[PDB]
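Reviewing the structure listed below.
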Amino acid sequence: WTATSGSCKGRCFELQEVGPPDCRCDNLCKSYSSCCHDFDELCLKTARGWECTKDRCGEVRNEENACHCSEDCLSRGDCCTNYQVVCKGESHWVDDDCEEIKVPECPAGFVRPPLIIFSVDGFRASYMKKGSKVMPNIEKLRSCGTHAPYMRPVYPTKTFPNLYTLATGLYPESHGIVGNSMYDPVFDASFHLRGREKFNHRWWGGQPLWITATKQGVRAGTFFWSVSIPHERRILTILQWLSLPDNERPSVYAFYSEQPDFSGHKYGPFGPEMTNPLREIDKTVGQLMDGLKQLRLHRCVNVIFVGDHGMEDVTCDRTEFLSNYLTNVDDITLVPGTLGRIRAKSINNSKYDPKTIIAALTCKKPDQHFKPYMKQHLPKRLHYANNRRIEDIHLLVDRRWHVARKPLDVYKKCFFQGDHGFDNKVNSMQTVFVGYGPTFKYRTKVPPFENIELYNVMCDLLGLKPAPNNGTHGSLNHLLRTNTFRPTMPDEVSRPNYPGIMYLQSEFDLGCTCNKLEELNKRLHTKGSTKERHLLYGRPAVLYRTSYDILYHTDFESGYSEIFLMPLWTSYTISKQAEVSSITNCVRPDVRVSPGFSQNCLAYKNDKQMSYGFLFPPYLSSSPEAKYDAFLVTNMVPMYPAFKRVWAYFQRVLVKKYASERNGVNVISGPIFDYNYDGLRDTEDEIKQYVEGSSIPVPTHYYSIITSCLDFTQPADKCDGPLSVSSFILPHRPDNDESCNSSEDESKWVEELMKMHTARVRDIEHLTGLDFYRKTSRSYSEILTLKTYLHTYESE
Ligand SMILES: *[C@@H]1O[C@H](CO)[C@@H](O[C@@H]2O[C@H](CO)[C@@H](O[C@@H]3O[C@H](CO[C@H]4O[C@H](CO)[C@@H](O)[C@H](O[C@H]5O[C@H](CO)[C@@H](O)[C@H](O)[C@@H]5O[C@H]5O[C@H](CO)[C@@H](O)[C@H](O)[C@@H]5O)[C@@H]4O)[C@@H](O)[C@H](O[C@H]4O[C@H](CO)[C@@H](O)[C@H](O)[C@@H]4O[C@H]4O[C@H](CO)[C@@H](O)[C@H](O)[C@@H]4O)[C@@H]3O)[C@H](O)[C@H]2NC(C)=O)[C@H](O)[C@H]1NC(C)=O
Ligand SMILES: Cc1cc(COc2n[nH]c3c2CCN(C(=O)c2ccc4[nH]nnc4c2)CC3)c(C(C)(C)C)cc1Cl
Ligand SMILES: [Ca+2]
Ligand SMILES: [Ca+2]
Ligand SMILES: [Cl-]
Ligand SMILES: [K+]
Ligand code: NA
Ligand SMILES: [Zn+2]
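Numbering (the entry's author numbering), first residue to last: 51 to 463, 468 to 568, 576 to 644, 649 to 861.
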């Protein structure tokens, strides 16, 4: 119910919401239909527009005007933003030279630099260049402040998931806004762009920035802006709030523009109609900067210019229809568009079978423009599985396309020429970041980074302790002049054992069908003499309680888990000059590790589905003496034959190719167990599948971290400076149904699979409980940046 009898006189855009009886005058009142009857008249004034003119300079204040050009307007904080330019001969901010902001230059009473988050919907990364001639204000922010060439959104690359990720530092699976449309089966409730259900606070998880702020005594302005409040009024409202007294004035503000996204949907990302929305947003930026300059805050405030996602060319004709694949199409519910989510139309349908749906959608047409996945099989970098709001069956849609259930959906609903939502590594989905202000660096370019990292930085900018989140706090220290966050490396929880030779060969029953110059040399390789070569960045630290052994070898070093019966990690360096050799069913006991903590070949013989591979690649053995170490039982891991095709091509072909290209590489490989798809290391008791008749757990994924010298004129093993990394988390699957070309030679499809399953080191850390890069010559923040890097394989 609504009770509207009171007045907004002197209360327009008041910050503290009032409850009934009082009617409302805050920015959300319109959305809750609770505004005082005189809200429009008093709070949404438009008379005489938004600009002072010479003829208004010095006017008698008329309270009906949208903004003021009277002598008192500065002290009231309600001048039109161009007042000082038109009436006091000042220059527009954009026409002033950039001058370094070394320290905050704030009015008396300011306890910290305010932060203004200027968010632009659908602002594609390449607009910064392509639109440069029509966006002088934005171009000034970008060139004078700190900017990235692009910022990576989260998947799906939709608005509410991205904006809420910016606010929380969380992946969508964790904050709960997993799409623009959702069904929660626990609550039996549907979230839609249109309607009331989205206002229910149960949808919105984590702790968004305005709550983190409030809880720590830092006041916040609105983040949500009602669509009908024109941009000019939003800006003036922010500027009025910044004129408030010390104990009422917010320290954090947000502005949101629905452009260029609104036009981008109609016209496509580079339609000729797009130039005017870009000019208009730039003008709004210049209003804000001029307004701040009037208030003497343009060298006080930190401004973040940020987008939620990009925009791709998508038309009605490029729609895939499930009715062309499914005979049972009326038995499913599809969440459609630039991603697909399928569930049963009725939970009382006992014929509904996901496996049959997935099979009917798999590689059925040669140019098929989507791929079906069970959500646990999506690339782990998407972090898109661990929420009951995410349907088990997912369709990853190719850029430029849509999926829909039936054609009648796409003509009873061409209109649009642009859309977004695709895989967050797609170039068209990239968006923008610029930071301008005293706390940001001056004329500095930083590498691309992920939007999950910004919450921590905004907390650093405001002196807040961030809520637990998915950023890696310190990885964006390089954006900041001051207020850097300086963490310590996590403490190692489990110390390694260093077993020597403790077992005789006859103590083992594996079922595997099998000179003092080179005797002290093999002893010393088992005691760790080449370890400097193969373990370039220190041993990984184990951040959980467990029992493991460090095993040294001529060609590789491993941390062998006595609990999972295989390595957690295997580390080796392949020089540019290394040779690849030919290679059978010999697996040898490791006399350092007990039979009881080893695998055996019999289990593999009995398990007709499961085979085995090796973590250190026998192909890359340095000498035929070293080659025996590659066939130790402690280097064996369980592998489906289907996956062995992938792994062998990586090991036999790709590692050497990378060493050639990168001037040596250091590789760390290992298993991952994530049966509950939460992106976190499984405990022993979460493992769902073992090699038949054994306690050998089956990994869900295999990782590798491939490190070399950023200056590739230096070899990986003698690198003086910054490092370069690429990594992957490959799904350990019993088929290659993912790869529609897999009947062909591995050179036509394996590398494509690996690229899709590219990963950050930090993803692997979450999944393994390991901490890498413990002993480098690099600063710890530089290393945290390195650990967040993702090799995306998209051109510039
Ligand atoms: C990205 O960053 C985030 C943030 O750090 C990481 O997520 C954290 O991960 C932790 C592990 O998965 C998790 O810790 C659990 O918290 C439980 C209490 O959680 C509630 O309270 C917090 C605190 O304010 C709140 O934030 C939570 O919010 C979640 O749930 C609500 C609604 O249900 C959502 O609105 C909200 O979006 C959020 O949902 C997300 O997380 C939940 C899981 O909490 C998922 O289900 C959702 O899909 C979504 O992803 C909650 O309101 C606590 O109960 C857990 O403890 C169990 O396990 C331990 C073992 O250590 C045991 O000791 C406990 O007793 C307990 O076990 C008992 O319960 C079991 C399950 O019912 C039962 O089987 C057992 O037998 C036992 O009885 C645990 O401490 C933390 O909640 C989330 N936080 C958030 C915000 O997501 C995330 O991991 C990072 N991602 C990566 C990849 O690094
Ligand atoms: C800086 C910041 C601001 C905001 C405020 O965002 C909004 N204020 N006003 C609107 C929004 C979102 C878009 N919106 C849509 O319905 C919409 C728009 C474009 C679309 N394109 N495709 N689908 C679309 C759906 C409604 C208008 C938030 C929160 C979390 C409060 C939303 C967090 C942060 Cl960090
Ligand atoms: Ca958007
Ligand atoms: Ca897990
Ligand atoms: Cl969606
Ligand atoms: K087998
Ligand atoms: Na296949
Ligand atoms: Zn959009």
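For each residue, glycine too, the CB sits at the ideal point set by N, CA and C.
Assigned with DSSP and collapsed to three states, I288 falls in helix. Shown here, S734 sits in a strand according to DSSP, grouped into three states. Look at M232: its beta carbon is less than 8 Å from one of the heavy atoms in ligand 5. Our two residues, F777 and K583, have alpha carbons roughly 32 Å apart in a direct line. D750 and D739 do not touch by the CB rule: their CB atoms are close to 14 Å apart, not below 8 Å. Nearest to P157 by C-alpha distance, out of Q344, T209, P416, is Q344. Distance from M627 to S676 at the Cβ level is roughly 14 Å; contact not present, criterion being Cβ atoms closer than 8 Å. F168 has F305, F355 as its beta-bridge partners, per DSSP. By the CB criterion at 9 Å, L832 and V711 fall outside the cutoff.
Annotation: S789 to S301 spans about 38 Å, alpha carbon to alpha carbon. Segment contact: the region 387-402 against the region 190-200, fewer than three CB-CB distances shorter than 8 Å; contact not assigned.
At a cut-off of 8 Å, the beta-carbon of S276 counts as near ligand 2: some heavy atom of the ligand is closer than that. Contact residues of ligand 8 (beta-carbon closer than 6 Å to any heavy atom; chain order) are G172, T209, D311, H315, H474.
DSSP places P222 within a helical segment (H, G or I) once states are collapsed to three.
Pairwise C-beta distances place the region 780-796 in contact with the region 814-829, as three or more of them are shorter than 8 Å. In this structure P501 is exposed. Its beta-carbon is surrounded by fewer than 16 other beta-carbon atoms within 10 angstroms. The beta-carbon distance between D358 and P203, rounded to whole angstroms, is 7 Å. This is short enough to meet the 8 Å contact definition.
Three or more Cβ pairs closer than 8 Å define a contact, and the region 368-380 falls short of that threshold against the region 218-226. For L680, the closest alpha carbon among the candidates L795, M701, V480 is that of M701.
Around the beta carbon of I794, a 10 Å sphere encloses 16 or more other beta carbons of the protein chains shown; the residue is thus reported as buried.
In the DSSP assignment, the residues bridged to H444 are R391, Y423. Relative to ligand 4, the nearest heavy atom lies less than 8 Å away from the CB of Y740. Annotation: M178 is outside any beta strand (DSSP E); the continuous alpha helix (DSSP H) that includes it extends over 177-180. When only Cα atoms are considered, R368 and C468 end up about 11 Å apart. Proximity of the beta carbon of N478 to ligand 3 is not indicated: no heavy atom of the ligand is located closer than 8 Å.
Taking 3 residues as the minimum length, the beta strand (DSSP E) runs contained wholly in the region 707-774 are 730-737, 766-774, in order along the chain.
The Cβ-Cβ distance between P310 and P327 falls below 9 Å. Sequence-distant partners of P660 (beyond 5 residues in either direction) whose C-beta falls short of 6 Å from its own C-beta, in its chain, are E561, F562. The DSSP-derived three-state label of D694 is helix. The three-state reading of DSSP puts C119 in coil, since its state is none of H, G, I, E or B. These are the residues, in chain order, with a beta carbon less than 7 Å from any non-hydrogen atom of ligand 1: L220, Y221, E223, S224, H225, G226, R252, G255, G256, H433, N436, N437, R438, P522, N523, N524, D743, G744, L745, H831. A Cβ-Cβ distance of about 26 Å is found for the pair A707 and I635, leaving them out of contact under the 8 Å criterion. Straight-line spacing of the CA atoms in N132 and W275 works out to 23 Å.
When secondary structure is reduced to three states using DSSP, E859 falls in the coil class, being assigned neither helix nor strand. DSSP places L328 inside the alpha helix (DSSP H), whose first and last residues are 325-344.
At least one heavy atom of ligand 2 falls within 8 Å of the beta-carbon of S169.
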